[PDB]
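Here is the structure we will look at, set down as structure tokens.
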Amino acid sequence: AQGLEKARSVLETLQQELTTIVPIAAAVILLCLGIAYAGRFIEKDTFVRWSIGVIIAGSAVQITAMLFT
Amino acid sequence: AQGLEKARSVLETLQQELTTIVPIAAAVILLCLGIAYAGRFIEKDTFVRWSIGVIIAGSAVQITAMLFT
Amino acid sequence: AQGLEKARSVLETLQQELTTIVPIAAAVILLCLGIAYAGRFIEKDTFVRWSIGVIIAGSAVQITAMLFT
Amino acid sequence: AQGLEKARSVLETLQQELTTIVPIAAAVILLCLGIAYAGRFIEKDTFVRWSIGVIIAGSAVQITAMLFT
Amino acid sequence: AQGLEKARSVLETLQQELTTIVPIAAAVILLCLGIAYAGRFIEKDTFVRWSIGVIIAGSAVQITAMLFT
Amino acid sequence: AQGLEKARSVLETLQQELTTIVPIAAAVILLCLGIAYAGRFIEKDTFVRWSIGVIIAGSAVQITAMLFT
Amino acid sequence: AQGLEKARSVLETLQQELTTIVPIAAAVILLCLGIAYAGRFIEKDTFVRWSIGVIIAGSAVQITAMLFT
Amino acid sequence: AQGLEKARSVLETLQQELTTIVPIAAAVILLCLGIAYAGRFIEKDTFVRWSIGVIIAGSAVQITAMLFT
Amino acid sequence: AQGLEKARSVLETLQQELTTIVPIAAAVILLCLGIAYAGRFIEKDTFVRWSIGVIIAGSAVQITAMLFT
Amino acid sequence: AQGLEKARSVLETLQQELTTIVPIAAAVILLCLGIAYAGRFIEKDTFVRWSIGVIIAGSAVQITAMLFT
Amino acid sequence: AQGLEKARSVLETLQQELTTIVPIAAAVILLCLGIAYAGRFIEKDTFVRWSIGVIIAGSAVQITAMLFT
Amino acid sequence: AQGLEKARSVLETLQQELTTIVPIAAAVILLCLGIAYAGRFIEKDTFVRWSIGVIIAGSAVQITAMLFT
Amino acid sequence: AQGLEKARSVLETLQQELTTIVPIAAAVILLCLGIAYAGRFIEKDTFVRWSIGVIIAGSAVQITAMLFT
Amino acid sequence: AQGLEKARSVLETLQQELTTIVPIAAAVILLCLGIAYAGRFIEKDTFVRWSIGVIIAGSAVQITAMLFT
Amino acid sequence: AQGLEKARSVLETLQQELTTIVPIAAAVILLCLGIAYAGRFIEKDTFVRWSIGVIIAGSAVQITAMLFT
Amino acid sequence: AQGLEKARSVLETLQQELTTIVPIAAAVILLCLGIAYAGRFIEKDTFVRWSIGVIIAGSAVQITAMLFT
Amino acid sequence: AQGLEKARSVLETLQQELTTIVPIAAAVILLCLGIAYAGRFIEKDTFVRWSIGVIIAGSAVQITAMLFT
Amino acid sequence: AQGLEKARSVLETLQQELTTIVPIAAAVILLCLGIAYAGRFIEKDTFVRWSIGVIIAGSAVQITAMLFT
Amino acid sequence: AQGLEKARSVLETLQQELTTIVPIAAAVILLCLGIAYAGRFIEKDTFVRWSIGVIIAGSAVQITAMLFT
Ligand SMILES: CCCCCCCCCCCCCCCC(=O)OC[C@H](COP(=O)(O)OC[C@@H](O)CO)OC(=O)CCCCCCCCCCCCCCC
Ligand SMILES: CCCCCCCCCCCCCCCC(=O)OC[C@H](COP(=O)(O)OC[C@@H](O)CO)OC(=O)CCCCCCCCCCCCCCC
Ligand SMILES: CCCCCCCCCCCCCCCC(=O)OC[C@H](COP(=O)(O)OC[C@@H](O)CO)OC(=O)CCCCCCCCCCCCCCC
Ligand SMILES: CCCCCCCCCCCCCCCC(=O)OC[C@H](COP(=O)(O)OC[C@@H](O)CO)OC(=O)CCCCCCCCCCCCCCC
Ligand SMILES: CCCCCCCCCCCCCCCC(=O)OC[C@H](COP(=O)(O)OC[C@@H](O)CO)OC(=O)CCCCCCCCCCCCCCC
Ligand SMILES: CCCCCCCCCCCCCCCC(=O)OC[C@H](COP(=O)(O)OC[C@@H](O)CO)OC(=O)CCCCCCCCCCCCCCC
Ligand SMILES: CCCCCCCCCCCCCCCC(=O)OC[C@H](COP(=O)(O)OC[C@@H](O)CO)OC(=O)CCCCCCCCCCCCCCC
Ligand SMILES: CCCCCCCCCCCCCCCC(=O)OC[C@H](COP(=O)(O)OC[C@@H](O)CO)OC(=O)CCCCCCCCCCCCCCC
Ligand SMILES: CCCCCCCCCCCCCCCC(=O)OC[C@H](COP(=O)(O)OC[C@@H](O)CO)OC(=O)CCCCCCCCCCCCCCC
Ligand SMILES: CCCCCCCCCCCCCCCC(=O)OC[C@H](COP(=O)(O)OC[C@@H](O)CO)OC(=O)CCCCCCCCCCCCCCC
Ligand SMILES: CCCCCCCCCCCCCCCC(=O)OC[C@H](COP(=O)(O)OC[C@@H](O)CO)OC(=O)CCCCCCCCCCCCCCC
Ligand SMILES: CCCCCCCCCCCCCCCC(=O)OC[C@H](COP(=O)(O)OC[C@@H](O)CO)OC(=O)CCCCCCCCCCCCCCC
Ligand SMILES: CCCCCCCCCCCCCCCC(=O)OC[C@H](COP(=O)(O)OC[C@@H](O)CO)OC(=O)CCCCCCCCCCCCCCC
């Protein structure tokens, strides 16, 4: 019931599937970035940027719950 | 009665349902943005923009009541 | 009497009902706009536009009385 | 007498009643336009158009007397 | 009896058949959109648009029951 | 029977044929994009875009089943 | 038969012809890039970019088969 | 006999004649499009559009037999 | 006879005449493009675009025969 | 006769006249570029660009005959 | 006659007038450059750049005749 | 005799007179277009359009004889 | 006589009058463009555009006679 | 008489008035540009641009007479 | 009279008022620049730039009268 | 006499009266257009359009005498 | 008398009244533009546009008398 | 009386009310700009832009009276 | 009354609430900037920029009252 309960369930399923997919994408990104940095194509702060992005992505639900009260 | 009370109640129900749905959408957006920033596709101000948008969306009713007096 | 007093009363009732409905619509619009801005779909001037629109709509009667003298 | 004095009086009464009705319609129009502009459905020049229309309608008798001499 | 019970049954049958047909059309649309995005003919927000449209279409009956009360 | 089962079968046949055709189009697009990138006409994000598009197109039926429930 | 078998054959012929043409285009691009680099008009990463692009274009069918399953 | 067999034969003859005529028109269109693109009057997607149109027109009978079952 | 054989012959004559005219137009286009590029009004990719367009227009009949089977 | 022989002759006359005009335009362009480069407004690659453009424009007919076979 | 003889004459007049004007502009540029170099605002290669530019601009017609044959 | 020989002669006379008139109109149009282009009111492709139109209008009889056989 | 000789004479008079008027319009346009360029409102290619337009407008009759043969 | 002599006289009057007005506009532009350059808001080539624009606008009549012959 | 004498007078008034205002702006700019230079935020050439800009702005009318003759 | 002398005199009187009225309407139109342009509601070419229209209307009799001979 | 003197007087009265009204509208427009520019919503050329529009509207009668002679 | 006196009074009231409202909007804009500049989101010229806009807005009536004479 | 008094009160409330919110945002910005500067990600002038921005934002009302008189 409630009209949009079904859409909420679908969105929850989509969020779970995207969360499952994300670590593979992050690992592939890091694999490419490490070799790019080894080849003098990018700089060392790229690893810090990647770490910040991955840490933020990991706790996306917690941050959203903290902000969207 | 009052003619348009039923429409107002329907709009209230719609607002409640959209408010219930919104946190999932915000979490999915943040999850995507984290990986996008990790992969050097966007910039660091994206997180600030997301935080501002989510904070405004969380207090939409209060802001509307403050402005539409 | 006066021929069109009844129509004026009906219009006043309609105006009151629409004024009652409007804050919910404004809150829903702001809720959608916040998430749209979080996801990089719109820009920050949208909030300024929304604020101006809501402020104008809130004092519609006063502005009408000021201009239509 | 004068044949059309009665019709002129009826027209004057109708004009007065319509003038009484108009401000409510203008207020309702502005209330709708403000929310429409808040939701990105119209542009900012709509308010200028509304102001010009209301100002012209307010002084309809004076403009008619100035032109129809 | 009830005059329009037969017409309502026909409409329900048509709705069920259209609901059955829709997923194939959605899959074809997504298949075309993926290749169009791969070929640099459209943008990444097309997937978000498609997801929103499909989610709305899937819960059409629930949304109609929530609004048309 | 069921009125629209024939149209559903036709749509399924069309979907299967389009799925058969798609890999050739994707291969041609990738072949052109590789030479375009070698010639300094596009950037490296084109390959990521192509990969995302092809992956989404490949699992169109699964995504449609996940969302259109 | 099967509706789109003829179109699939035409697309396969087009793909084979484009694959035949591509090596000449890649060779001309490399010939121009080498002289441009000799004249201090481009940088040394251009050769890496060209190699990556040509390698990806060469195995376009294999990559498409790996991703579009 | 069958009443409309003669009309069907006339339609088949017209279809064969138009099918014979079309390749010349396609060649002329491509000849004009190549020069127009060389002179910076159109874009490179025009060739993709032309190829899709020609492939669809060539296998029109097969597609019609696949859809009109 | 064949009904439309005369129209086909007329189209062939028109195609031959346009093919005869085209090289002059291509030469004029390239003559203008060279001077425009000399004066810093356009970029160096214009020559690649022109070459692609002229090569495609030259073999328009062959491409049409390859695609329109 | 031949239908478009007159148009071809007109195009050849136009091409010859433009070829006659071009050297003056190239000389004026080089005269302006030299002074602009003397005043530190442009860089030394401008002369290479101008030389390439003028050389290409000089043999436009030969290049067109080479590519449009 | 010849169609573009008049335009060619106008272009020649413009070229002669610009050639007459140029030495004054070159002298002013050199006068400014000398003082700028005296005050440590530019480097000594500026004079070499100016000399190359002025020498190239002086023989613009001869270089154009050498290249545009 | 021949019934319509007189009408054909009248049409030929009208065609000759219109052909005599046209060059003046074309010259006036080009005179206006040049000034409009100088004043930044139109674009450079207007000259190409004008040239194509004038060339087609010049050999209208030849094209009509080539097509209407 | 000749039916349309009078219209041709009128058109010639109109063309002569427009040719007389044009130099004033060109001078005014250049006067405005120079100040606009001095005020950073347009770019330096505006002068090239103006010169091309004025030169074309000057020899409009000659170009018309060359193309419309 | 001469049909358009009156319009030509009006255009000459407008040109004279605009020529009278222009020096004030140029002076105001230079006054603003000097302070803008002092405040590090623009660059030093702005004065060269202004000088070129003013010199061109000053001799607009002479340039128009030289080109429009 | 003379049509645009009023506009010229208004422009002269605006020029005089801006000339009156400018010294205050120049003084404020120099006051900020001195402290910015003392704090190691800018370099010593800023004062030369400021002096050149102020000197040019002070004699804007004289330079305009010298160039716009 | 002459049947239509009276009608011609009436038309001449009407033309004189309309010519007397026109300047006021043109001034009002320009006054409105100036404010509309100041308010960013229209573009700068509106002034050119107005000037062309007013100049044409001013010499309407002369143009009519030139064309209608 | 003169038939249309009354309409001319009415138009003169309307012109005077609109001229009286205009300065208030111009002041309001400038007040809004200043705040919009301070809020980074528009650019600095808006003030130049406003000044030009107001100056043109101020001398509308003079410009009309200069052009409509 | 005078027809448009009432509209002028209404416009004066609107101008006074907007002038009263403006300082709050300017203060809010400055408050947001200061924090945005502190967070490295905008540059230091924004304060100069804001000051220019506010100074222009404050003396809107005086500038309108100076230009619209 | 006075029409826009209500809007002014709403704007004052919004300004007070934004002023209340601002110190937290400034503190968070400084907290992030300190760590960024510690990790060699930004320079030491960032603190000066932050101090200037915060000081300007703190006295926004006073500065607005000083400039907007
Ligand atoms: C003086 C030396 C200074 C620089 C040091 C290096 C100089 C010479 C280096 C020789 C390298 C030659 C080739 C290796 C390239 C290299 O060293 O760059 C490392 C490569 C990506 O690096 P980059 O992003 O820097 O590529 C070049 C760009 O920088 C050009 O802007 O990472 C890999 O995974 C290697 C892939 C090999 C290429 C084949 C790929 C085919 C399969 C993948 C396609 C699937 C589609 C989806 C993918 C997400
Ligand atoms: C040879 C050494 C040269 C460099 C020295 C340092 C190298 C190694 C540094 C190790 C750092 C590892 C991780 C610490 C990061 C660090 O040191 O960088 C400081 C960080 C911002 O740093 P950056 O802007 O430099 O990030 C990278 C950019 O430079 C990319 O260009 O400031 C913080 O607030 C730290 C937050 C921790 C990350 C987790 C955040 C999750 C919750 C917050 C999300 C809420 C959303 C809204 C927020 C407003
Ligand atoms: C690389 C990253 C760059 C971009 C960042 C985001 C990338 C990935 C984002 C994933 C989002 C997936 C889904 C969330 C969508 C999202 O993120 O966009 C926010 C959404 C609408 O915003 P948009 O303007 O972006 O909508 C799509 C447009 O982009 C179309 O062009 O607001 C919502 O309330 C979410 C609702 C979810 C959809 C279900 C709704 C069904 C019930 C409502 C119908 C009732 C009828 C009356 C309504 C008034
Ligand atoms: C020198 C290195 C410089 C660049 C660093 C990275 C280089 C190599 C990266 C390899 C990545 C390969 C693939 C991962 C892509 C990646 O790393 O980019 C992160 C991706 C979004 O990336 P972008 O917005 O940059 O996409 C490409 C655009 O930039 C094109 O302009 O976020 C994800 O969620 C990844 C999903 C994987 C793809 C499968 C999705 C299928 C199911 C979802 C569909 C449901 C519909 C609704 C959705 C809301
Ligand atoms: C420098 C690179 C910049 C661009 C990157 C790509 C360059 C080269 C691309 C090569 C593509 C060659 C051909 C593949 C085309 C391609 O890659 O574009 C993808 C195609 C449509 O894409 P577009 O939106 O670009 O179509 C043309 C538009 O651009 C027109 O403006 O989607 C498909 O399903 C492909 C079908 C192949 C054509 C045969 C279809 C016939 C049977 C179907 C008919 C049934 C009727 C009902 C249908 C629902
Ligand atoms: C100084 C160096 C800086 C830049 C590096 C390169 C400079 C010199 C490059 C020389 C290249 C010369 C020619 C090769 C072109 C090249 O290198 O660009 C790669 C080409 C597409 O390139 P672009 O999209 O950049 O084309 C020009 C556009 O950029 C215009 O803006 O991809 C191909 O498949 C090549 C095909 C050859 C052309 C013949 C095709 C005819 C048959 C196909 C038609 C069928 C219709 C349907 C199609 C789907
Ligand atoms: C501190 C030193 C650092 C920089 C060194 C130079 C600084 C001072 C230079 C003083 C120069 C002052 C004036 C000379 C200008 C100069 O030195 O720049 C050289 C000039 C064009 O140069 P630019 O393209 O650099 O012009 C400025 C541009 O850079 C603005 O973006 O070439 C000429 O032909 C000179 C014409 C003089 C202007 C009169 C022309 C009037 C008749 C022609 C119009 C016909 C229309 C159609 C034309 C195709
Ligand atoms: C202090 C030194 C610093 C710089 C070092 C070099 C300075 C002096 C160099 C002298 C070079 C003079 C001439 C050689 C040119 C040179 O060095 O540049 C190399 C040239 C392209 O170079 P760029 O891209 O740098 O061209 C100029 C651009 O940089 C403008 O931004 O590559 C070639 O293939 C050469 C062709 C010769 C030109 C004739 C071509 C005509 C027929 C081909 C056209 C067919 C159309 C289709 C094509 C795909
Ligand atoms: C710091 C320097 C930066 C810029 C470098 C150059 C600055 C100075 C250049 C001086 C050039 C002055 C005049 C030469 C113009 C020039 O150099 O630009 C090259 C010209 C066209 O160039 P554009 O497309 O750039 O024209 C202006 C456009 O850019 C406007 O957007 O090509 C020609 O054929 C020249 C013809 C001369 C004009 C007479 C033509 C009359 C007969 C033809 C009409 C027949 C109708 C049918 C036509 C198909
Ligand atoms: C971010 C900023 C971007 C936009 C800048 C401006 C924003 C704020 C502007 C405030 C304007 C408030 C009101 C002034 C309006 C304004 O500024 O627009 C200028 C006005 C007409 O302008 P528009 O064509 O833009 O009218 C509105 C159009 O947008 C309709 O779509 O011209 C006037 O004459 C003003 C008259 C005032 C209204 C009273 C007239 C009553 C008597 C006349 C009736 C006689 C009948 C016959 C007439 C021929
Ligand atoms: C910080 C510096 C950066 C930018 C540099 C400039 C900043 C300051 C400039 C001060 C300008 C103030 C006023 C001078 C204006 C100025 O400098 O712009 C130059 C003006 C036209 O310039 P624009 O096309 O740029 O006009 C503004 C447009 O850019 C708006 O988008 O040329 C003139 O002829 C001057 C006329 C003065 C206005 C009065 C005209 C009234 C009678 C004529 C009407 C007859 C109708 C028919 C006409 C054909
Ligand atoms: C390594 C460091 C490099 C960057 C330095 C800063 C990094 C970390 C900064 C942390 C900031 C976190 C959040 C504070 C945001 C911040 O610091 O940015 C300052 C904020 C807007 O600034 P921006 O233009 O940067 O906004 C985001 C844009 O950058 C997106 O492109 O100004 C404010 O007024 C703050 C309001 C707080 C947000 C809550 C508002 C909710 C109620 C008000 C809504 C009423 C509607 C009508 C309004 C007119
Ligand atoms: C190891 C040392 C190396 C660096 C030396 C200095 C280090 C420490 C310096 C401490 C300075 C702390 C504060 C003084 C600032 C300072 O020293 O910088 C000097 C300041 C401008 O400096 P900057 O342009 O460098 O500002 C920061 C920028 O560099 C950010 O990129 O000039 C002033 O007028 C100072 C005003 C004080 C701030 C209050 C202003 C509020 C009212 C005015 C607003 C009205 C709006 C319109 C205005 C036109």
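Values quoted throughout were computed directly from the atomic coordinates according to the rules given, and no laboratory measurement underlies them. Heads up, the Cβs are rebuilt from the backbone with ideal geometry, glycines too, and the neighbour counts pull from every protein chain shown.
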Checklist entry - Packing-wise, with mean Cβ within 10 Å as the measure, how do H:11-23, F:15-27 rank, highest first? => result F:15-27, H:11-23
Checklist outcome for this item: With N residues in chain C, Rg(alpha-carbon) / (2.2 N^0.38 Å) equals 1.53
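Counting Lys and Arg as +1 and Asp and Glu as -1, what is the net charge of the other residues whose Cβ lies under 12 Å from the Cβ of I:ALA36? Please report the intermediate quantities before stating the final value.
Working: positive: H:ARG40, I:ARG40, I:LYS44, J:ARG49, L:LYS44; negative: I:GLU43, M:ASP45.
Neighbour charge sum, excluding I:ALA36 itself: +3.
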Next on the checklist: If you take each beta carbon of peptide A:27-36 and count the beta carbons of other chains within 10 angstrom, what is the mean?
Outcome noted: 2
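Across peptide S:6-18, what mean number of C-beta atoms from other chains lies inside 10 Å of a residue's C-beta?
Values: counts 7, 14, 7, 3, 10, 10, 3, 3, 8, 5, 0, 3, 5.
Partner-chain Cβ atoms within 10 Å, mean over residues of S:6-18: 6.
Within 13 Å, Cβ to Cβ, of M:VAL61, how many net charges do the neighbouring residues add up to if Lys/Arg are +1 and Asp/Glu are -1? Working shown, then result.
Details: positive: K:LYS6; negative: K:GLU5, M:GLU12.
After counting each charged neighbour, the total is -1.
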Item to check | In sequence order, calculated HN-Hα J values of the stretch P:60-68 (Karplus, 6.51, -1.76, 1.60; Hz; x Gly/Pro) | outcome: 5, 5, 5, 5, 4, 5, 6, 7, 8
Checklist entry - Tilt of helix D:5-38 relative to the longest C-alpha principal axis of chain D, in degrees (0 to 90, nearest 10)? => result 0 degrees
Next on the checklist: Taking amide H atoms as placed 1.01 Å from N in the peptide plane, list the residues 5 or more away in sequence, or in a different chain, whose amide H sits under 5 Å from that of Q:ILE42.
Outcome noted: Q:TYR37
Checklist outcome for this item: For the stretch K:16-69 the trypsin sites (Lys or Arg not before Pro) that pass both the DSSP coil test and the at-most-11 other-Cβ-within-10 Å test are K:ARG40, K:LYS44
Item to check | Cα-derived Rg over Rh, computed across the protein assembly as shown with Rh taken as Kirkwood radius | outcome: 0.97
Checklist entry - What is the residue of chain M with the smallest Cβ distance to the axis taking M onto Q, and what is that distance in whole Å? => result M:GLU43, 15
Checklist entry - Relative to the longest principal Cα axis of chain N, at what angle does helix N:45-58 sit, 0 to 90 degrees, rounded to 10? => result 20 degrees
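With runs of 4+ DSSP H residues as the only contributors, calculate the mean residue ellipticity of chain P at 222 nm using -39,500 (n - 2.57) per run, divided by the residue total and rounded to the nearest 500.
Numbers: 3 runs with 56 residues, N = 69.
After summing the helix terms and dividing by the residues of chain P, the value is -27500 deg cm²/dmol.
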